[PDB]
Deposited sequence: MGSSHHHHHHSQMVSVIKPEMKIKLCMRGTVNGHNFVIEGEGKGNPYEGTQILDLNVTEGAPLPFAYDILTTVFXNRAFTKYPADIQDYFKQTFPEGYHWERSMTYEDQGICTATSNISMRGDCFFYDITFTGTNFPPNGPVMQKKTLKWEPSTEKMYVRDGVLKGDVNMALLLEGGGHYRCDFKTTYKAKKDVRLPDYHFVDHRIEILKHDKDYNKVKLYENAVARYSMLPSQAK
């Protein structure tokens, strides 16, 4: 069902700081290698008045390299697919939510996305477009109430060299009965490969890899 190469099509409807916008994307990736590339176009609301980086992790954990010894919640859930829900709590009290309904037809994933951003300070690094990238990260994956949660401490690198923190809490909900994983980690590195001046066109890459801890247990 999940092919070695899969295409992607998406549509995000968003509001941030009261500015409405729509973004469409198309791309492709390699689910079993945990890599993917998307081409994103702002089709309504351009140019965006806020840092593009707040959006980029909203643009599918099917694209994760899972070792054989950890259950792959994400690839098991197709063709039926899954949705996810996320809260993003920034350290200056900007709060974003997003939801994404993920389906499959043929060799293509489709995502139907909403994004809301609230309460960003006008002089803060989001509304002043002071961000450079997300740092790579490690997301903690755990089962709760029969679905999978993933929490990650994310940080934007800023112009100037400091960081701006955001706490992600995501719940990933399979539309079929899959084998559930044990507690584990997904290491990520998301990167904008290219963009025009106002980020109306963006080329976006993510590498993600699941694992257990590298440290052995002593209490055994």
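Q: How would you write out the unmodelled ranges of the deposited sequence, numbered from 1?
A: Going by the record, the segments left unmodelled (no C-alpha atoms) fall at 1-15, 75.
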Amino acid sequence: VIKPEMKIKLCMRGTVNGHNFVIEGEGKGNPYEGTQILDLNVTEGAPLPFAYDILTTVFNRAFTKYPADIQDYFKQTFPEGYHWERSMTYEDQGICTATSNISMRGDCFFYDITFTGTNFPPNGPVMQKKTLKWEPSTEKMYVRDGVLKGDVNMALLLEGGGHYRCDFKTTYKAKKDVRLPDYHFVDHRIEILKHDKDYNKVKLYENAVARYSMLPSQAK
From here on, numbers count along this sequence of modelled residues.
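Q: Going by the B-factors listed in the PDB entry, is the mean over the C-alpha atoms higher for 182-190 or for 35-43?
A: Between 35-43 and 182-190, it is 35-43 that shows the higher mean C-alpha B-factor.
Q: If you average the CA temperature factors as listed in the entry, which stretch comes out higher, 5-13 or 203-211?
A: The deposited B-factors put 5-13 ahead on the C-alpha mean.
Q: In terms of recorded Cα temperature factor, pick the maximum from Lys169, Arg61, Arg165, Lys175.
A: Spelled out: the listed residue with the top C-alpha B-factor is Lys175.
Q: From the list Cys108, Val126, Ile95, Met141, select the residue with the highest C-alpha B factor recorded in the entry.
A: Highest C-alpha B-factor among the listed options: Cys108.
Q: Lowest, middle or highest third: which one holds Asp72 when the chain's residues are ordered by CA B-factor from the entry?
A: For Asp72, the deposited C-alpha B-factor lands in the middle third.
Q: By the record's CA B-factor, is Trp134 among the lowest, middle or highest third of residues in the chain?
A: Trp134: CA B-factor falls in the lowest third of its chain.
Q: Among the modelled residues of its chain, does the C-alpha B-factor of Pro122 lie in the lowest, middle or highest third?
A: As the PDB entry reports it, the C-alpha B-factor of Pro122 lands in the middle third of its chain.
Q: Quick check on the deposited entry: does the C-alpha B-factor of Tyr82 sit in the lowest, middle or highest third of its chain?
A: Middle third.
Q: Going by the recorded CA B-factors, say which third of the chain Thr89 sits in, lowest, middle or highest.
A: Answer is lowest: the recorded C-alpha B-factor places it there.
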